[PDB]
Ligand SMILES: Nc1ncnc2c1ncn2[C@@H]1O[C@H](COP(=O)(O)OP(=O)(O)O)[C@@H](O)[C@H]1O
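Listed next as structure tokens is one chain, alone, in the form solved without adenosine-5'-diphosphate.
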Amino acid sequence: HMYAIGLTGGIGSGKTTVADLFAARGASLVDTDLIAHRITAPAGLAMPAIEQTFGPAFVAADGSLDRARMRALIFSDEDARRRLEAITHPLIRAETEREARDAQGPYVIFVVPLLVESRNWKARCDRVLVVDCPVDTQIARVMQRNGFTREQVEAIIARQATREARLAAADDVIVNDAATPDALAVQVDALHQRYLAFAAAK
């Protein structure tokens, strides 16, 4: 089976920016966040089980997840968050394996937010790349996007590994704080060459 790099980092680290640079160089990319979105979209795989556990209040009239209603719940109620992840996480794993099985590139990258926090994701990957950046930058980036309160964002951050812990568990690191896109590309270029070599040797 195909050589796999886990790409992780805290929320707001710019994982997608870096992931997209690897995809442009030929890496196959599996983004677990995108899968999570897909499976809760209209006719998404997770929807029958979500309806079963949470009921029709969380199913919009197009058949998709009512994301605002779910967001309000899971941020107020840790049992709820846990019940939700118990549905979506297994599906993410399966879809991840499906896509990896079909991947055509010389190696595959799994973009996974809670990677170093997971015995299973660490075991699954051949290497771990951490896209690192300071917490105040992470918060600024998330607030630019979907504007959670600093409160949802700080809650999400509190559930993540510490910065120091994630960095100590990396095999590779890219710091994406004030880096320009040109600067990130220099770093991805070299890692891409090294990843081609690791993959040819396995």
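Basically, rigid core = biggest C-alpha set you can superpose within 1.5 Å across the two forms. For every residue, the number given is its place in the sequence shown, counted from 1.
Same protein, other form: the form deposited with adenosine-5'-diphosphate bound, not shown, and the subject of what follows.
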{"query": "Which of 34-42, 57-65, 150-158, 173-181 sits within 4.5 Å of adenosine-5'-diphosphate in the bound PDB entry, heavy atom basis", "finding": "173-181"}
{"query": "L191: touches adenosine-5'-diphosphate in the bound PDB entry, heavy atom cutoff 4.5 angstroms", "finding": "no"}
{"query": "Non-hydrogen atom contact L21 with adenosine-5'-diphosphate in the bound PDB entry at 4.5 angstroms", "finding": "no"}
{"query": "Heavy atom of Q187 within 4.5 Å of adenosine-5'-diphosphate in the bound PDB entry", "finding": "no"}
{"query": "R141: touches adenosine-5'-diphosphate in the bound PDB entry, heavy atom cutoff 4.5 angstroms", "finding": "yes"}
{"query": "Residues of stretch 13-48 in contact with adenosine-5'-diphosphate in the bound PDB entry (4.5 Å, non-hydrogen atom)", "finding": "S13, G14, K15, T16, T17"}
{"query": "Core-aligned CA displacement of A185 at least 2 Å between this form and the one not shown", "finding": "no"}
